[PDB]
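Chains as they are written, first to last, in PDB author numbering: chain E, 1 to 242, 255 to 750; chain F, 5 to 374.
Beta carbons are placed, not taken as given, at the ideal position from N, Cα and C, and that holds for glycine.
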RNA sequence: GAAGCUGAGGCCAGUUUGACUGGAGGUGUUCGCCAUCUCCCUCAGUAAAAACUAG
RNA sequence: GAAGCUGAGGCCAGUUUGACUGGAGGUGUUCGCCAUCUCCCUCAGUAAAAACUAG
DNA sequence: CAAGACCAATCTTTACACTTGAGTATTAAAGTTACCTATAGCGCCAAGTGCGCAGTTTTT
DNA sequence: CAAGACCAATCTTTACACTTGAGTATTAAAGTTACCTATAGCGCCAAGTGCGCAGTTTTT
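Put into structure tokens, the structure is as follows:
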């Protein structure tokens with residue numbers, strides 16, 4: 001490595017911040033300038049004070065402390081390996097030993113020196129800069145030679161892309177002339193001038209006479225060594241000159269650094285500010301791809317070996333980005349060699365830095381990694397879900413219009429493996445999230461045996477929550493009692509009614525409440541019923557019926573190019589009363605396009621529609637004994653589950669509820685034939701349902717608080733989830749912005 | 005925004021119901037009388053305990069919860085502060101090559117109540133709580149203060165064991181924290197403080213912490229508010245120090261990082277307890293001999309069962325002790341993992357000890373069911 | 001060991017039967033001979049640097 | 001006045017004709033009981049805050 | 001008696017050695033440095049113009 | 001015993017009073033402040049869901 005740690009105490013927006021475990025690529029994300037620019041300012045100030053530049057001291061986070069400290073730990077293991085060896089008796093190695101490693105090995109005895117040599121040791125050098133209240137600066141190492149040498153060995157290069165200069169390439173030369181160590185001091189500039197003017201002269205002297213005349217005319221400063229080397233290099237190069257222009261500038265910068273550092277022991281640290289600014293997304297992805305290609309082409313491992321491959325450590329690259337494309341490409345290409353840093357705000361307003369897990373052991377997840385997955389890294393609050401219906405509901409524009417707080421939460425569907433290797437808890441990240449799952453993932457009910465059985469994920473949750481089996485006593489006893497009740501859930505048997513459709517005495521709502529209360533500390537919320545079960549509730553049945561009326565009255569058209577003769581012929585052939593179902597089947601059909609019909613045809617269609625609506629209401633209220641049976645039938649017909657958590661396919665395979673299944677089949681094949689294509693889970697009936705419902709209630713009432721109250725009454729559970737999420741969002745927003 | 009408690013704040017949030025009668029009847033809130041305070045004796049020290057039934061306990065607890073926790077402090081105070089710990093008090097001295105440790109004699113007994121009033125005055129509104137008889141600040145000080153019947157000469161005294169004494173001590177000593185921090189930093193010395201125990205470390209190669217000048221200067225700074233240095237506890241050493249069991253060591257010179265470990269004295273009791281548990285000596289003897297925990301016969305809750313009660317109590321004490329020492333050692337391990345300053349061989353020894361503790365705890369919990 | 005400091009003597013006054021201590025007063029004060037107002041002789045021996053020669 | 005500090009007693013060992021002091025050793029050392037390796041009983045009385053519940 | 005705080009330059013800036021990519025006991029050559037100075041009132045000598053080398057205060 | 005160094009805010013920024021150009025004993029109104037919060041595990045009560053108020057180490 002190059003830098004082991006950076007620690008800032010009581011400076012700018014930092015209270016006490018320690019950054020370590022630096023990888024080869026460090027991606028910095030978060031809310032803008034909540035400490036990003038402050039960290040950059042801290043690093044720049046430390047490296048400016050390292051080279052004895054007169055720069056203004058930084059401000060204190062709170063004036064109730066006398067000083068602020070910046071501690072840099074350099075990893076000098078490789079340099080110790082470089083110099084302690086006998087072969088390299090050069091002047092530079094000798095000076096490096098006398099400066100950095102002496103006064104720390106002198107104190108040691110022979111045994112400890114041997115132990116340090118022989119062991120697989122790591123050597124560190126800690127330098128602390130302290131700013132007092134009266135602007136004075138104190139170093140923990142009082143030798144300026146140490147500071148200058150540390151500045152040389154670990155140079156800091158800052159590249160800003162917004163204010164980049166596409167025609168000023170001076171940093172390129174200042175970088176290349178320094179990186180590769182050519183000793184032109186031994187080559188006299190007097191000898192070099194005589195040498196070059198000996199050669200390039202057309203006549204030996206003619207060029208020299210011209211240059212001597214110029215020099216006698218022009219009053220020039222003596223050449224500095226860096227100027228000499230820059231002249232050398234860019235004269236020998238076959239070219240001095242060189255949105256996409258900034259990309260090329262940055263890409264050549266990184267290529268030069270990575271290529272040139274392979275032969276040197278100097279390991280620079282490069283910080284890039286918004287590399288993607290002014291870049292097409294494909295251009296940013298290609299920039300990261302080119303950087304990775306340069307990185308891996310020069311990489312030597314146990315497999316890749318040969319001339320042209322080195323084991324020299326690579327420079328440490330920080331870059332602060334705001335685009336998911338850069339982050340996605342980094343994560344995909346760099347694997348285990350990158351780190352993602354998240355910047356947020358504490359309670360007292362100070363900056364908080366976290367490391368988000370971006371390394372995945374599942375290669376499939378790395379390959380399928382796309383823009384949507386990389387977007388979650390910028391999320392303020394995540395609502396992980398399980399199916400597409402949840403995404404359809406929680407993303408509904410009309411619903412989120414009435415709840416602006418929930419508009420800041422990103423809803424993402426996560427599989428069990430995806431959730432296992434993405435979730436913030438395992439990533440120890442401070443991006444708050446909630447995992448919304450159904451209660452069926454823990455307990456499965458058997459009608460034949462009338463018994464609940466426990467799912468493995470419930471056992472895993474119990475094992476995670478039973479951490480008190482290895483510890484002492486405190487106020488956690490109620491949790492143990494709840495876990496005991498969860499254990500007793502297994503042995504209990506419960507009787508069913510109507511061949512396994514309803515529970516005699518048991519309320520799954522109470523068990524769901526207990527599970528949610530217990531597991532809220534694990535950030536998982538368990539909804540009592542499915543989303544399609546939550547929308548189809550007893551309170552919203554009128555509006556649901558209204559919706560059906562709408563899809564009959566407005567979304568239906570006539571299946572004939574000649575409405576008049578068609579409607580007359582099927583009025584004649586099929587009776588309005590005794591044959592309403594086939595008449596409606598032949599006459600009406602669902603169609604996006606609504607051709608204009610005649611007044612008589614429109615009146616006849618309206619009359620048939622009203623008659624069919626009355627018939628359907630009568631038959632719905634007649635065939636089903638109670639409203640609960642109606643709700644259950646509608647839920648199953650759309651793919652839902654009963655109070656016993658059984659799907660229509662599950663019942664068909666098992667063979668229970670034959671009468672209810674046949675009734676639903678009769679309704680779908682006779683009365684609800686038009687709504688059959690919308691019976692599927694992916695039909696998008698949720699969006700139309702919610703849009704019509706919210707528009708209708710807005711027509712009913714004109715107050716925003718009142719409309720929220722009505723929506724809460726209609727969908728108690730979905731609105732409860734939304735309100736809990738919004739309250740948590742506001743709490744964590746006060747945790748960040750408050 | 006600086007916290008400001010006014011009359012409405014005291015009436016609604018702080019007093020609640022504890023002093024409703026005194027606030028509606030416009031009667032002055034009275035001093036904490038000797039009836040509410042019991043005096044325990046621990047060695048040469050005397051501790052003051054207030055009864056929970058008194059309204060003073062409730063108002064003191066709510067004062068800790070809502071008012072004292074919001075006043076800013078100095079970063080050198082690592083004791084009784086949200087997020088502070090002893091390990092955090094020792095950590096900044098790993099970079100030092102010489103160490104010095106000083107103590108303050110009778111820190112809580114020497115805290116003048118006048119200094120407390122001057123410190124808490126800017127954070128409390130200058131109003132009259134009760135007519136024109138008693139001020140709000142004086143009522144709050146009545147809540148926090150006490151007069152020791154043993155020593156009536158000093159009058160108002162902040163006693164150890166109260167609800168609010170530690171935080172008030174930190175706030176009143178923030179002034180000296182700032183002064184000493186400024187002095188030490190201008191001298192290049194890392195300074196930290198835990199209660200009355202001050203630790204200084206010099207990372208450079210110098211004899212500053214060993215000279216009498218440093219002690220004289222710290223005493224001179226402490227003399228401003230009337231404190232004194234306990235000369236029996238003054239320690240100064242090079243390249244390592246053994247502070248109350250915790251050993252800091254830093255042999256190197258320029259740019260060296262020290263290591264914090266635990267001496268064999270700290271590990272002595274836990275190692276002996278593990279050995280005794282492996283030796284199958286009964287739980288009663290283990291609790292009595294090493295832990296000094298016992299079930300006095302006067303403390304038996306019910307007379308229905310005695311022997312099984314004593315067995316369960318001794319098992320509970322043993323499980324609690326093992327859990328507590330395991331928690332202490334994982335506190336050390338987490339501190340290492342987050343700061344990387346604990347000795348590696350000591351980390352290995354800790355891991356072995358932890359595995360032994362977990363094996364013994366599993367054996368105990370298994371024998372519980374037999 | 002804390003040095004305090006001064007060149008060696010010859011009257012006269014004050015303390016001493018026989019030798020040692022000072023040679024305008026007032027006023028104030030941090031009591032320092034410190035500040036401000038007014039009005040003893042002899043003989044040695046005396047290195048260097050620096051400022052200053054009103055305007 | 002410099003406090004040094006500890007709860008009150010009941011055997012046994014060391015110093016005392018009759019009462020007071022300790023109840024693994026080795027090694028090194030800043031000599032601090034400080035660090036590291038190996039292997040007495042009883043009875044009182046026990047306030048508060050803070051961290052920590054491996055991974 | 002006894003001690004933490006024991007100037008600022010000294011020419012400066014850059015920098016791998018060994019056999020071409022990894023390496024377990026102690027600074028330096030080199031380009032520029034990069035340009036400096038004899039002797040100020042008094043004495044010797046040509047002999048009154050020109051050339052060579054008896055204060056105060058404060059520390060004390 | 002004995003002492004120089006005795007926090008940082010506290011709302012903040014601007015600024016004449018008296019009779020219109022010079023003047024010989026001691027801060028402040030005002031615009032914005034400019035927005036804050038009850039009650040986190042345990043107990044009471046409806047009676048098992050929902051609402052109101054027996055550890056370690058260190059200081060000691």
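Query	Result
For residue 407 of chain E, three-class secondary structure by DSSP	coil
Residue 224 of chain E - partner residues in DSSP beta bridges	Note: residue 224 of chain E sits in no beta bridge, so no partner.
Which of helix, strand or coil DSSP assigns to residue 540 of chain E	coil
Residue-level contact to chain F via CB, residue 481 of chain E, 9 Å cutoff	yes
Enclosing beta strand (DSSP E) for residue 73 of chain E [first to last residue]	68 to 75
Beta-carbon proximity check, residue 245 of chain F vs residue 103 of chain F, cutoff 9 Å	yes
Cβ-based contacts, 9 Å cut-off: residues of the region 261 to 284 of chain F near chain E	261
Cβ pair residue 560 of chain E, residue 687 of chain E closer than 9 Å	yes
The region 732 to 745 of chain E contacting the region 380 to 396 of chain E, beta-carbon criterion three pairs below 8 Å	yes
Cα-Cα separation between residue 59 of chain F and residue 373 of chain F, rounded to whole angstroms	45 Å
Anticipated Cβ contact below 8 Å, residue 351 of chain E with residue 22 of chain E, distance rounded	7 Å
Proximity to residue 649 of chain E [Cα-Cα], best of E/633, E/677, E/549	E/677
Integer-rounded CB distance, given that residue 117 of chain F should sit under 8 Å from residue 2 of chain F	Since the displayed chain F opens at 5 and closes at 374, residue 2 of chain F lies outside it and no answer follows.
Contact with chain F by residue 20 of chain E, beta-carbon distance below 9 Å	yes
9 Å Cβ cutoff met for residue 287 of chain F and residue 322 of chain F	yes
Burial state of residue 756 of chain E, where buried means 16 or more other Cβ atoms lie within 10 Å	The structure shown does not extend to residue 756 of chain E, since chain E spans only 1 to 750, so no value can be given for it.
Residue range of the beta strand (DSSP E) that includes residue 686 of chain E	Looking at the DSSP string, residue 686 of chain E is not in any beta strand (DSSP E), and its letter there is neither H nor E.
Beta bridge counterpart(s) of residue 9 of chain E as assigned by DSSP	E/16, E/69
Three CB pairs or more closer than 8 Å across the region 161 to 172 of chain E and the region 257 to 275 of chain E	yes
Contact list for the region 60 to 77 of chain E against chain F, Cβ threshold 7 Å	62, 64, 65, 66, 67
Assigned secondary structure, residue 446 of chain E (DSSP; H/G/I helix, E/B strand, else coil)	strand
Simplified DSSP assignment, three categories, for residue 229 of chain F	coil
Candidates E/74, E/75, E/94, E/315: closest to residue 83 of chain E by CA position	E/94
Within-9 Å CB hit, residue 340 of chain E to chain F	no
Residue 129 of chain F in three-state terms, based on DSSP	coil
Given residue 127 of chain E as reference, the closest of F/207, F/219, F/41 once Cα atoms are compared	F/207
Continuous alpha helix (DSSP H) stretch holding residue 249 of chain E: start and end	For chain E, the structure lists 242 followed at once by 255, and that leaves residue 249 of chain E out of the model.
Chain E contact for residue 344 of chain F (CB, 9 Å cutoff)	yes
Residue from E/2, E/680, E/539 whose Cα sits closest to the Cα of residue 75 of chain E	E/2
CB contact below 9 Å: residue 138 of chain E versus chain F	yes
7 Å CB neighbourhood of residue 183 of chain F in its chain, flanking five on each side removed	225
Terminal residues of the beta strand (DSSP E) in which residue 30 of chain E lies	25 to 30
Where residue 426 of chain E falls: helix, strand or coil (DSSP)	coil
Beta strand (DSSP E) segment containing residue 253 of chain F, residue limits	250 to 253
Whole-number beta carbon distance between residue 25 of chain E and residue 349 of chain E, since they are thought to touch under 8 Å	6 Å
Beta-carbon gap between residue 449 of chain E and residue 538 of chain E smaller than 9 Å	yes
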